[PDB]
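These notes are about the structure you will find just below.
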Amino acid sequence: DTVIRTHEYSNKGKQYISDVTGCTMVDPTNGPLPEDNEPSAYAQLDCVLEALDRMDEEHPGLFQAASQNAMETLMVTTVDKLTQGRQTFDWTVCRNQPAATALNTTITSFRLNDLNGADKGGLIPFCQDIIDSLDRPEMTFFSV
Amino acid sequence: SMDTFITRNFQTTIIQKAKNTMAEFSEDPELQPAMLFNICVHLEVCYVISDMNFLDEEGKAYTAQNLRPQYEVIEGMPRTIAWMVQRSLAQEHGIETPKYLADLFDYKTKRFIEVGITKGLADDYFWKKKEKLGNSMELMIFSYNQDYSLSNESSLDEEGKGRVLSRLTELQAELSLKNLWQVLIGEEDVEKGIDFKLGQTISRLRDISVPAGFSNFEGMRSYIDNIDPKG
Amino acid sequence: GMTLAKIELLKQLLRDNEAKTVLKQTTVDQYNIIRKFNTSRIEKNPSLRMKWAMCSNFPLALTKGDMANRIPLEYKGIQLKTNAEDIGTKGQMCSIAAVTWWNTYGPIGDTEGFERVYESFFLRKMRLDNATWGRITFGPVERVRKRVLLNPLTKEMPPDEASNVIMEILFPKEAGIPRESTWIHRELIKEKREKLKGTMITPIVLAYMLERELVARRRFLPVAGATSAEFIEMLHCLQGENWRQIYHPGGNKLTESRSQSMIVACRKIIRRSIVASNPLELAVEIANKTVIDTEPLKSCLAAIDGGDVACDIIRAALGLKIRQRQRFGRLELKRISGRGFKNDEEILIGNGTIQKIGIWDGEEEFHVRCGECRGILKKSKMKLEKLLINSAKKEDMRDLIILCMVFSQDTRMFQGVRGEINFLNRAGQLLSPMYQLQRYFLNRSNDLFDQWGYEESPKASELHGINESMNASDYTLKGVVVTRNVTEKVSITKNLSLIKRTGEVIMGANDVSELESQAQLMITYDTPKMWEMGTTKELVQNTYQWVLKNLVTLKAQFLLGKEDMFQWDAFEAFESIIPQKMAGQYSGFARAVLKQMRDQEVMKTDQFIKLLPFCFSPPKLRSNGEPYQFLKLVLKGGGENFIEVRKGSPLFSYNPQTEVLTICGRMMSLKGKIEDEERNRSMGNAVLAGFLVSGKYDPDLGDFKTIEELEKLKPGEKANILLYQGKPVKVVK
Amino acid sequence: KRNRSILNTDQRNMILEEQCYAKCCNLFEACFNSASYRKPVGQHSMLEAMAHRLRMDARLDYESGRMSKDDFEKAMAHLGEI
Amino acid sequence: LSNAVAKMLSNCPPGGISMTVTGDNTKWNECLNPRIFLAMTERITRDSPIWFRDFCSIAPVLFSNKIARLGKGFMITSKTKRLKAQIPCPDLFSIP
RNA sequence: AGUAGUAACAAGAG
RNA sequence: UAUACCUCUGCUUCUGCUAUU
RNA sequence: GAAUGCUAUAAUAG
Ligand SMILES: Nc1ccn([C@@H]2O[C@H](COP(=O)(O)OP(=O)(O)OP(=O)(O)O)[C@@H](O)[C@H]2O)c(=O)n1
Ligand SMILES: [Mg+2]
């Protein structure tokens, strides 16, 4: 239902085939403005930016002030931070699992593909390994 | 560069255990080899002071079955191990822990030992480090121009004191023989930028993850950065 | 000799090549990840799963040990435990009956240290045990939502500092780098370590027990005149919305909390006394019967050496040596010469925003003190002039200079505000800009020093200036000097002004702080009609309630005597929550609208009730003889504290359909106390003074006239009025 | 007691994986009592950390007189094997 | 919210009408777009260094190419035979 | 049958 | 086949994010 | 005459 409805409000947008996943992608953004009051996903970048500019004017320095904090946080943030999110999806077994396990599986899996970024302890170098893992031709993992 | 040099001079023990010390301080071993060599020498000097120094069950120093040395090598051991060792020693023998991390500790003396290698004068560098410690650790300073400045109570014997000054000049000569002595002389400064580079895949995903009327992400970035959408 | 066993077990564990590789690969960091590793999906309906699982044979899991084996398999035909070992504990499973058995016929363990371990709680109990309960009161309570401390602490520290202290107590070896903190709590570390020494309770518990009484649990709650933790803990029993309960806790109460509340009492007395003729009379009347928790205000003011203007005014009023002694958190001053004029002004700060601050005028001299360091300060409007100090402790000297720099409000101090400084709270509440600027520059000092400027040191006898590092230096901070060298009978006017024996005044009730705030300890007024010191909404409700109560008489007396029943002690209190600069104008308006109803036959009891209270403040008419005209009457407090003339308002509205008056939410029936003609009788008449309805909206007259356009009309001129959405009326003068 | 639905299905194997990590951590906590309270920090091997601590503990247990020669030799010998 | 209401209430022009629209948005999740969330980060981190601008940009980029798993599947049954069976999501278009 | 209600249970497994 | 009138199981037959912390 | 910012296995809200 959600999958249908999401695309039902985007169908008048720009539809194309992802040359990465090979999937059917639909892009409503900067699309034709609605003719009625049926849910519209066709947001206009210009208007989203203009809105944010006014917000930035009304609250001066807040964006960089936050960005600073959010950035300085990430640098301190360890990997174990991920082990506090109930049932996370584990790609190694294609089932949900405890956050702490779902991570462990990924760290153990990554090591086999020569990805030890986790071991450094900070979240950033572990994150680097995730966006790197996409460029691996094959991905190898333990399964009992 | 220093890359090929340290492989010949120092063993993998000293190479790696230093690169761990550098890693914990979060500075690249290759982008600052001057800093690597300093800690390598700093570590190699410390091991020589506690190499053959052994204690018997009676409680007297002797030269080398038996597994209990006279000194305790703190330099090399990771921070949280080093500090555990340092605290464990202080609390056991019953003295206050120094606020700074020590290099060595003599089990017979029951005192902490701070080691320091300098380029100019060893006598000057003794009074420089006396400001921080004062009398928390019994300093033991050395330099490459055959100049030693130990504490009033120095346990280091005549046969021991030589090996240090020998290896100090032996390496200092080997750096001059390879024309790499000049590499350590010149100043080296670099702030370690927190670089997070994107791969090929994720970069492509980003380019297809853009609003309509954009060739690639670079476009969306520069559009957002530059143009003002008032009205 | 536990060490050997561990090493012997490590050899056993390292024979499992799976465990070996886990230990060899998993970093000390990653311990945190693999510790939380389990099969168990998180139980989403535990309330159910428990209720169900309790009906099973063996729901519980023993820890495999010699103690587990002391429990028998069955007792008098009751299966206590099974052979089958739990997946988790790898020990025998058991029924809830097992616990009940152990607690009955189990071995008797050593409960030594327990009380010292769980002292935190035993005190929590001891406070209730050695408490005294007063009377319950039924009446309106305006609860304010504020961030408060939930549990009294042994000593307050940041979580980081707190944790580091706990490490020093329980886990000496695994402490890491020794911090300043270690030395700062050396007494508490040793004290706790000596108390927890002989105990068999698990260190991890002792950790959380210390954490409970060192780490501050500070959360938002709806409170009313009780902020003190030892009150907050009992907040559920202290008050409701519509009832209050007097409760004196036990143990001890802080001199600071005794002080800070003692101020609010005086401020609240003065605030209310100002309205009556002979304020001193009422000020004295209340003050004598004002109790701070269990301690009389007079006794408290006598006992405590410190407090604000109000404290001194009330001290004088009672007859006590007024201490012009002053505080600014850490800094504590005492005036030698000067007179301060607090003017609210828009200050630009270093980060580049405009903050409203109360700036003090005139050149004043104070005896500044900070710990073991003392000094003499001299300041003018937003400029420090000269600061003499002693060479006591290095940090105590360093703090005094920063405190004096901030206190002076120097335009240089405001320039050195670089970074994020919050004057507004996460919940959009006001924080004291001076007390936040004080709090900011105590953390970042090097900015202030560099943003101030230096100059040549003094070359006098015992004067030798100090630089940034607080050492006898050549360059000293612009107007700072270090030296080797470290009342009068007043009377108070009935109108509350402290006059010298010469004639010059030192304080007045016009000089006290306008800011009401939540008293730390419970403030009680042992005179009947204590509600008079209450909040806007409390006073508003209690007043209109008293109007409704005596409406029978008050309405009749109005139809005989004109101004006989305008002067009532309830309406006096009510004036103290009216803005003084509109009080008279409102009375001027209201009395005219009332008299207009009485004389011209057109009555309206709901309006009479609404306006009658305003008719106390001596009337203030316009220069052309006619009264001021109003749409809403704003009162002291939030932007919701106002009475609408034409419509209803968050304080006051009448429902004619039900004949129900609604006051601050509380519903009262006007059935029986209502005239028959009123229902059909329009409101249009009792809305403007000297204005009455003629007909209905006349398009010829045009749009609806404003207060101004109405006030600027010649008698017998028609106009279009709107009472409320969809009630147009044609009103004439 | 833990829901034992897992005993029937092939997921069984995970209990050994758990009770492995459990063994590793539990012992680590016997070496570092602080680990239970505050998060231990280090990018070095757990074994490395555990070894040194036990070495110091043993040495100072011998020097203090909490441990005997027979036991200390066994300690340094057993730790030697690692 | 009590403080917010108090001000926005009292700030109302005298004579003018203050109105509160008790509001709720429909299909909040379905309608909002990742590529908009990408723009938001890019505009919010304008003064942030190159790496952190990019770091933030990933989460939206993943969401703008994300794949939704279709749960367990659909159960088909014969009442006559009293047989039930789960059809896996991969085998949805196996049966007519 | 029934519960229940946009899809399940009315035992499941070796 | 068979053991099986036996044996094991009763959230694990996919339970998320963000606040109140 | 102000502060102190956090960070559950429950429940509620979206
Ligand atoms: N259990 C929930 C409820 C709500 N939400 C979040 O809150 C939003 C608002 O939920 P709601 O108002 O209940 O529904 P809508 O998304 O508005 O859907 P509808 O069009 O049916 O009103 C959701 O989109 C989602 O972002 C959520 O994450 N989890
Ligand atoms: Mg909705």
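Order determines the names: the first chain of the structure tokens is A, the second B, and so forth; residues in each chain are numbered 1 upward, and ligands are numbered 1 upward as they are shown.
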Residues flagged strand (DSSP E or B) by DSSP in stretch 438-671 of chain C, as a ChimeraX atom specification
/C:454-456,466,472,475-477,480-482,491-492,497-499,505-508,523-525,632-634,642-644,649,652-655,660-663,666-669
Give me, as a list in words, all polymer residues having an atom no more than 9 Å from residue A:26, counting only C-alpha atoms (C1' of nucleotides) and skipping those fewer than 6 positions away in the same chain.
residues 7, 10, 11, 13, 14, 15, 16 and 17 of chain A
Enumerate as a PDB file with C-alpha atoms (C1' of nucleotides), in the first residue's frame the residues belonging to chain F that approach chain D to within 12 Å, with only C-alpha atoms (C1' of nucleotides) taken into account.
```pdb
ATOM      1  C1'   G F  12       4.162 -26.312  16.117  1.00  0.00           C
ATOM      2  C1'   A F  13       8.503 -29.051  15.524  1.00  0.00           C
ATOM      3  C1'   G F  14      12.291 -33.757  15.445  1.00  0.00           C
TER       4        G F  14
END
```
Contacts of chain C with chain B up to 12 Å, shortest pair per row, only C-alpha atoms, as a tab-separated table:
```
residue	atom	partner	partner_atom	distance
C:28	CA	B:80	CA	9.8
C:29	CA	B:80	CA	11.3
C:168	CA	B:87	CA	10.9
C:171	CA	B:84	CA	10.6
C:172	CA	B:87	CA	7.7
C:173	CA	B:84	CA	5.5
C:174	CA	B:84	CA	5.6
C:175	CA	B:84	CA	7.5
C:176	CA	B:83	CA	5.6
C:177	CA	B:99	CA	6.7
C:178	CA	B:99	CA	5.6
C:179	CA	B:99	CA	7.6
C:180	CA	B:99	CA	9.4
C:182	CA	B:99	CA	10.8
C:183	CA	B:96	CA	11.4
```
If you measure from atom CA of residue B:144 to atom CA of residue B:3, what distance in Å do you get, rounded to one decimal?
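Atom-to-atom, atom CA of residue B:144 and atom CA of residue B:3 are spaced 21.4 Å apart.
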What do you get as a PDB file with N, CA and C atoms (P, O5', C5', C4', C3', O3' and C1' of nucleotides), in the first residue's frame if you pick all residues at most 9 Å from ligand 2, counting only C-alpha atoms (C1' of nucleotides) and all ligand atoms?
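Output file out_15.pdb follows:
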```
ATOM      1  N   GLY E  23      -4.106  21.409  13.395  1.00  0.00           N
ATOM      2  CA  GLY E  23      -3.622  20.913  12.094  1.00  0.00           C
ATOM      3  C   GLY E  23      -3.040  19.516  12.176  1.00  0.00           C
ATOM      4  N   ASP E  24      -2.966  18.853  11.022  1.00  0.00           N
ATOM      5  CA  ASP E  24      -2.398  17.494  10.831  1.00  0.00           C
ATOM      6  C   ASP E  24      -2.144  17.320   9.330  1.00  0.00           C
ATOM      7  N   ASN E  25      -0.947  16.864   8.953  1.00  0.00           N
ATOM      8  CA  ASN E  25      -0.560  16.643   7.534  1.00  0.00           C
ATOM      9  C   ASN E  25      -0.835  15.179   7.174  1.00  0.00           C
ATOM     10  N   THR E  26      -1.326  14.930   5.955  1.00  0.00           N
ATOM     11  CA  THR E  26      -1.688  13.586   5.425  1.00  0.00           C
ATOM     12  C   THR E  26      -0.516  13.035   4.604  1.00  0.00           C
ATOM     13  N   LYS E  27      -0.171  11.759   4.815  1.00  0.00           N
ATOM     14  CA  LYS E  27       0.877  11.016   4.061  1.00  0.00           C
ATOM     15  C   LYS E  27       2.219  11.745   4.204  1.00  0.00           C
ATOM     16  N   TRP E  28       2.566  12.103   5.443  1.00  0.00           N
ATOM     17  CA  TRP E  28       3.819  12.802   5.839  1.00  0.00           C
ATOM     18  C   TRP E  28       5.029  12.099   5.216  1.00  0.00           C
TER      19      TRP E  28
ATOM     20  P     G H  14      -1.011  10.968  18.576  1.00  0.00           P
ATOM     21  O5'   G H  14      -0.050  11.254  17.342  1.00  0.00           O
ATOM     22  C5'   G H  14       0.220  12.607  16.947  1.00  0.00           C
ATOM     23  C4'   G H  14       1.587  12.698  16.323  1.00  0.00           C
ATOM     24  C3'   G H  14       1.764  11.933  15.026  1.00  0.00           C
ATOM     25  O3'   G H  14       1.199  12.659  13.941  1.00  0.00           O
ATOM     26  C1'   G H  14       3.640  11.585  16.430  1.00  0.00           C
TER      27        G H  14
END
```
Each residue of chain C lying at most 8 Å from chain D should get a row with its shortest atom-to-atom pair and the distance in Å to one decimal, counting only C-alpha atoms; could you produce that, ordered by chain and increasing number, as JSON lines?
```
{"residue": "C:1", "atom": "CA", "partner": "D:67", "partner_atom": "CA", "distance": 5.8}
{"residue": "C:3", "atom": "CA", "partner": "D:58", "partner_atom": "CA", "distance": 6.0}
{"residue": "C:4", "atom": "CA", "partner": "D:75", "partner_atom": "CA", "distance": 6.0}
{"residue": "C:6", "atom": "CA", "partner": "D:27", "partner_atom": "CA", "distance": 7.4}
{"residue": "C:7", "atom": "CA", "partner": "D:75", "partner_atom": "CA", "distance": 6.6}
{"residue": "C:8", "atom": "CA", "partner": "D:78", "partner_atom": "CA", "distance": 7.3}
{"residue": "C:10", "atom": "CA", "partner": "D:27", "partner_atom": "CA", "distance": 7.7}
{"residue": "C:11", "atom": "CA", "partner": "D:78", "partner_atom": "CA", "distance": 7.1}
{"residue": "C:13", "atom": "CA", "partner": "D:23", "partner_atom": "CA", "distance": 7.5}
{"residue": "C:18", "atom": "CA", "partner": "D:20", "partner_atom": "CA", "distance": 7.6}
{"residue": "C:19", "atom": "CA", "partner": "D:20", "partner_atom": "CA", "distance": 6.1}
{"residue": "C:22", "atom": "CA", "partner": "D:21", "partner_atom": "CA", "distance": 7.5}
{"residue": "C:23", "atom": "CA", "partner": "D:47", "partner_atom": "CA", "distance": 5.2}
{"residue": "C:24", "atom": "CA", "partner": "D:45", "partner_atom": "CA", "distance": 5.5}
{"residue": "C:25", "atom": "CA", "partner": "D:45", "partner_atom": "CA", "distance": 6.2}
{"residue": "C:26", "atom": "CA", "partner": "D:45", "partner_atom": "CA", "distance": 6.3}
{"residue": "C:27", "atom": "CA", "partner": "D:45", "partner_atom": "CA", "distance": 4.8}
{"residue": "C:28", "atom": "CA", "partner": "D:42", "partner_atom": "CA", "distance": 4.8}
{"residue": "C:29", "atom": "CA", "partner": "D:41", "partner_atom": "CA", "distance": 4.9}
{"residue": "C:31", "atom": "CA", "partner": "D:25", "partner_atom": "CA", "distance": 6.9}
{"residue": "C:32", "atom": "CA", "partner": "D:39", "partner_atom": "CA", "distance": 6.7}
{"residue": "C:34", "atom": "CA", "partner": "D:21", "partner_atom": "CA", "distance": 6.2}
{"residue": "C:35", "atom": "CA", "partner": "D:25", "partner_atom": "CA", "distance": 6.2}
{"residue": "C:37", "atom": "CA", "partner": "D:18", "partner_atom": "CA", "distance": 6.7}
{"residue": "C:38", "atom": "CA", "partner": "D:18", "partner_atom": "CA", "distance": 5.8}
{"residue": "C:39", "atom": "CA", "partner": "D:14", "partner_atom": "CA", "distance": 6.8}
{"residue": "C:40", "atom": "CA", "partner": "D:2", "partner_atom": "CA", "distance": 7.6}
{"residue": "C:58", "atom": "CA", "partner": "D:1", "partner_atom": "CA", "distance": 7.9}
{"residue": "C:59", "atom": "CA", "partner": "D:1", "partner_atom": "CA", "distance": 5.6}
{"residue": "C:60", "atom": "CA", "partner": "D:1", "partner_atom": "CA", "distance": 5.1}
{"residue": "C:61", "atom": "CA", "partner": "D:1", "partner_atom": "CA", "distance": 5.0}
{"residue": "C:86", "atom": "CA", "partner": "D:1", "partner_atom": "CA", "distance": 5.8}
{"residue": "C:87", "atom": "CA", "partner": "D:2", "partner_atom": "CA", "distance": 6.2}
{"residue": "C:88", "atom": "CA", "partner": "D:2", "partner_atom": "CA", "distance": 6.5}
{"residue": "C:93", "atom": "CA", "partner": "D:1", "partner_atom": "CA", "distance": 6.8}
{"residue": "C:167", "atom": "CA", "partner": "D:34", "partner_atom": "CA", "distance": 7.3}
{"residue": "C:171", "atom": "CA", "partner": "D:34", "partner_atom": "CA", "distance": 5.8}
{"residue": "C:174", "atom": "CA", "partner": "D:34", "partner_atom": "CA", "distance": 6.3}
{"residue": "C:204", "atom": "CA", "partner": "D:37", "partner_atom": "CA", "distance": 6.0}
{"residue": "C:207", "atom": "CA", "partner": "D:37", "partner_atom": "CA", "distance": 7.0}
```
Just write the chosen residues, N, CA and C atoms, as a short mmCIF file (atom, residue, chain, number, x, y, z; two decimals), in the first residue's frame.
```cif
data_model
loop_
_atom_site.label_atom_id
_atom_site.label_comp_id
_atom_site.auth_asym_id
_atom_site.auth_seq_id
_atom_site.Cartn_x
_atom_site.Cartn_y
_atom_site.Cartn_z
N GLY C 1 44.98 -14.22 46.53
CA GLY C 1 45.65 -14.84 45.35
C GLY C 1 44.66 -15.20 44.25
N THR C 3 44.64 -13.71 41.37
CA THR C 3 45.43 -13.46 40.13
C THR C 3 45.71 -14.78 39.40
N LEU C 4 46.23 -15.78 40.12
CA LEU C 4 46.60 -17.11 39.55
C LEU C 4 45.38 -17.69 38.82
N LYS C 6 42.67 -16.48 37.53
CA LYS C 6 42.34 -15.73 36.29
C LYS C 6 43.27 -16.19 35.16
N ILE C 7 44.58 -16.24 35.43
CA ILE C 7 45.63 -16.66 34.46
C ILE C 7 45.36 -18.11 34.05
N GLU C 8 45.04 -18.97 35.03
CA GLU C 8 44.74 -20.41 34.81
C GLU C 8 43.49 -20.54 33.94
N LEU C 10 42.39 -18.12 31.80
CA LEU C 10 42.78 -17.53 30.49
C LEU C 10 43.34 -18.64 29.59
N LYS C 11 44.21 -19.51 30.15
CA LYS C 11 44.81 -20.67 29.44
C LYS C 11 43.71 -21.62 28.97
N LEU C 13 40.44 -20.79 28.46
CA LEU C 13 39.65 -20.02 27.46
C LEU C 13 40.39 -19.98 26.12
N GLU C 18 38.23 -20.36 18.66
CA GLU C 18 37.16 -19.35 18.40
C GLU C 18 37.30 -18.19 19.40
N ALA C 19 37.42 -18.50 20.69
CA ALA C 19 37.61 -17.52 21.78
C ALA C 19 38.94 -16.79 21.58
N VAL C 22 38.65 -14.27 18.86
CA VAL C 22 37.76 -13.19 19.40
C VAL C 22 38.62 -12.24 20.25
N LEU C 23 39.35 -12.79 21.23
CA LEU C 23 40.24 -12.01 22.14
C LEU C 23 41.33 -11.30 21.32
N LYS C 24 41.88 -11.96 20.30
CA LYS C 24 43.01 -11.44 19.48
C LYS C 24 42.52 -10.33 18.53
N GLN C 25 41.28 -10.42 18.03
CA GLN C 25 40.75 -9.52 16.97
C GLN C 25 39.93 -8.38 17.58
N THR C 26 38.99 -8.70 18.48
CA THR C 26 38.07 -7.70 19.10
C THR C 26 38.90 -6.74 19.96
N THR C 27 38.85 -5.44 19.64
CA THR C 27 39.59 -4.37 20.36
C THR C 27 38.89 -4.06 21.68
N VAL C 28 39.60 -3.44 22.62
CA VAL C 28 39.08 -3.04 23.96
C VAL C 28 37.83 -2.18 23.75
N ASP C 29 37.84 -1.31 22.73
CA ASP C 29 36.67 -0.50 22.30
C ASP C 29 35.50 -1.44 22.01
N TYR C 31 34.80 -4.46 22.82
CA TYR C 31 34.23 -5.13 24.02
C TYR C 31 32.78 -4.66 24.21
N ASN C 32 32.57 -3.35 24.13
CA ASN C 32 31.25 -2.67 24.31
C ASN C 32 30.21 -3.25 23.34
N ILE C 34 30.41 -6.45 21.62
CA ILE C 34 30.25 -7.93 21.80
C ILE C 34 29.65 -8.24 23.18
N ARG C 35 29.76 -7.31 24.14
CA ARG C 35 29.14 -7.47 25.49
C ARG C 35 27.62 -7.53 25.30
N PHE C 37 26.03 -8.21 22.51
CA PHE C 37 25.68 -9.32 21.58
C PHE C 37 24.82 -10.35 22.32
N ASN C 38 23.64 -10.67 21.78
CA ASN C 38 22.76 -11.77 22.28
C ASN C 38 21.79 -12.22 21.18
N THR C 39 21.12 -13.35 21.42
CA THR C 39 20.07 -13.95 20.56
C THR C 39 18.72 -13.28 20.85
N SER C 40 18.46 -13.03 22.14
CA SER C 40 17.19 -12.51 22.70
C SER C 40 16.73 -11.24 21.97
N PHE C 58 8.62 -23.47 35.92
CA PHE C 58 9.97 -22.95 36.26
C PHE C 58 10.26 -21.70 35.43
N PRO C 59 9.76 -20.51 35.82
CA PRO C 59 10.00 -19.28 35.07
C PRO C 59 11.39 -18.66 35.28
N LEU C 60 12.00 -18.86 36.46
CA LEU C 60 13.24 -18.13 36.87
C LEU C 60 14.47 -19.00 36.61
N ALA C 61 15.64 -18.38 36.51
CA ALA C 61 16.94 -19.03 36.21
C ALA C 61 17.94 -18.74 37.34
N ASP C 86 19.22 -23.21 32.32
CA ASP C 86 18.80 -22.05 31.49
C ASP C 86 19.88 -21.79 30.42
N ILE C 87 19.47 -21.24 29.28
CA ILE C 87 20.38 -20.89 28.14
C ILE C 87 21.33 -19.78 28.59
N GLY C 88 20.79 -18.78 29.29
CA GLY C 88 21.53 -17.59 29.76
C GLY C 88 22.48 -17.91 30.89
N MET C 93 16.94 -23.99 36.43
CA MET C 93 15.73 -23.12 36.41
C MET C 93 14.87 -23.47 37.63
N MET C 167 35.42 6.32 40.18
CA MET C 167 36.59 5.50 39.74
C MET C 167 37.65 5.51 40.85
N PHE C 171 37.44 1.76 41.80
CA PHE C 171 38.38 1.13 40.83
C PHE C 171 39.64 1.98 40.70
N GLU C 174 42.20 1.32 37.40
CA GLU C 174 41.64 1.64 36.06
C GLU C 174 41.05 3.05 36.06
N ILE C 204 29.60 -2.73 41.34
CA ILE C 204 28.77 -2.12 40.26
C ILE C 204 27.54 -1.45 40.89
N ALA C 207 28.78 1.66 42.76
CA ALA C 207 29.00 2.64 41.67
C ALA C 207 27.74 3.49 41.47
#
```
Report the closest atom pair, with its distance in Å rounded to one decimal, for each residue of chain A that has an atom no farther than 12 Å from ligand 1; count only C-alpha atoms and all ligand atoms, sort by chain and then rising residue number, and write it as JSON lines.
```
{"residue": "A:1", "atom": "CA", "partner": "ligand 1", "partner_atom_place_in_ligand_line": "21 (O)", "distance": 11.5}
{"residue": "A:2", "atom": "CA", "partner": "ligand 1", "partner_atom_place_in_ligand_line": "21 (O)", "distance": 10.3}
{"residue": "A:5", "atom": "CA", "partner": "ligand 1", "partner_atom_place_in_ligand_line": "20 (O)", "distance": 10.3}
{"residue": "A:6", "atom": "CA", "partner": "ligand 1", "partner_atom_place_in_ligand_line": "20 (O)", "distance": 11.2}
{"residue": "A:38", "atom": "CA", "partner": "ligand 1", "partner_atom_place_in_ligand_line": "20 (O)", "distance": 11.0}
{"residue": "A:39", "atom": "CA", "partner": "ligand 1", "partner_atom_place_in_ligand_line": "20 (O)", "distance": 8.8}
{"residue": "A:40", "atom": "CA", "partner": "ligand 1", "partner_atom_place_in_ligand_line": "20 (O)", "distance": 11.9}
```
Write out as a count of residues only each polymer residue whose atoms come within 12 Å of residue E:58, counting only C-alpha atoms (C1' of nucleotides); drop sequence neighbours fewer than 3 positions from it.
35
Please report as a Markdown table every residue of chain E lying within 12 Å of chain G, along with the nearest atom pair and their distance in Å (one decimal), using only C-alpha atoms (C1' of nucleotides).
```
| residue | atom | partner | partner_atom | distance |
| --- | --- | --- | --- | --- |
| E:29 | CA | G:17 | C1' | 11.7 |
| E:69 | CA | G:14 | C1' | 10.2 |
| E:70 | CA | G:14 | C1' | 10.5 |
| E:71 | CA | G:14 | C1' | 7.1 |
| E:72 | CA | G:14 | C1' | 7.6 |
| E:73 | CA | G:14 | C1' | 11.4 |
| E:86 | CA | G:13 | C1' | 11.3 |
```
Atoms to include: N, CA, C and O atoms. Write the selected residues as an mmCIF file, in the first residue's frame.
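Generated output (selection23.cif):
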```cif
data_model
loop_
_atom_site.group_PDB
_atom_site.id
_atom_site.type_symbol
_atom_site.label_atom_id
_atom_site.label_comp_id
_atom_site.auth_asym_id
_atom_site.auth_seq_id
_atom_site.Cartn_x
_atom_site.Cartn_y
_atom_site.Cartn_z
ATOM 1 N N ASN E 29 5.095 10.770 5.361
ATOM 2 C CA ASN E 29 6.224 9.901 4.925
ATOM 3 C C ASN E 29 6.249 9.790 3.399
ATOM 4 O O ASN E 29 7.320 10.035 2.811
ATOM 5 N N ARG E 69 11.742 -3.843 1.410
ATOM 6 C CA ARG E 69 11.428 -5.296 1.487
ATOM 7 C C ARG E 69 9.924 -5.438 1.733
ATOM 8 O O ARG E 69 9.353 -4.556 2.402
ATOM 9 N N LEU E 70 9.316 -6.507 1.214
ATOM 10 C CA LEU E 70 7.840 -6.669 1.116
ATOM 11 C C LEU E 70 7.332 -7.663 2.169
ATOM 12 O O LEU E 70 6.297 -8.309 1.915
ATOM 13 N N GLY E 71 8.016 -7.763 3.316
ATOM 14 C CA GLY E 71 7.580 -8.567 4.474
ATOM 15 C C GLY E 71 7.616 -10.060 4.187
ATOM 16 O O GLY E 71 8.570 -10.509 3.520
ATOM 17 N N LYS E 72 6.616 -10.801 4.681
ATOM 18 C CA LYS E 72 6.572 -12.289 4.679
ATOM 19 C C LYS E 72 6.066 -12.802 3.325
ATOM 20 O O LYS E 72 6.727 -13.688 2.751
ATOM 21 N N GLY E 73 4.928 -12.280 2.854
ATOM 22 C CA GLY E 73 4.284 -12.689 1.589
ATOM 23 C C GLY E 73 2.772 -12.740 1.722
ATOM 24 O O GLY E 73 2.214 -11.879 2.428
ATOM 25 N N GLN E 86 2.160 -20.330 2.697
ATOM 26 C CA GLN E 86 2.750 -18.973 2.526
ATOM 27 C C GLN E 86 3.484 -18.912 1.180
ATOM 28 O O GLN E 86 4.323 -19.798 0.923
#
```
Could you pull the residues within 9 Å of residue H:9, counting only C-alpha atoms (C1' of nucleotides), minus those fewer than 2 positions along the same chain, as a list in words?
residues 42, 43, 44 and 46 of chain C
Show me, as a Markdown table, the residues of chain E having an atom within 10 Å of chain C, each with the closest atom pair and its distance in Å, using only C-alpha atoms.
```
| residue | atom | partner | partner_atom | distance |
| --- | --- | --- | --- | --- |
| E:1 | CA | C:427 | CA | 8.5 |
| E:2 | CA | C:640 | CA | 9.5 |
| E:3 | CA | C:428 | CA | 7.3 |
| E:4 | CA | C:428 | CA | 8.2 |
| E:5 | CA | C:640 | CA | 8.5 |
| E:6 | CA | C:639 | CA | 5.0 |
| E:7 | CA | C:639 | CA | 5.6 |
| E:8 | CA | C:639 | CA | 8.6 |
| E:9 | CA | C:639 | CA | 7.2 |
| E:10 | CA | C:639 | CA | 5.2 |
| E:11 | CA | C:639 | CA | 8.2 |
| E:14 | CA | C:631 | CA | 7.6 |
| E:15 | CA | C:706 | CA | 7.7 |
| E:16 | CA | C:725 | CA | 9.7 |
| E:17 | CA | C:725 | CA | 8.2 |
```
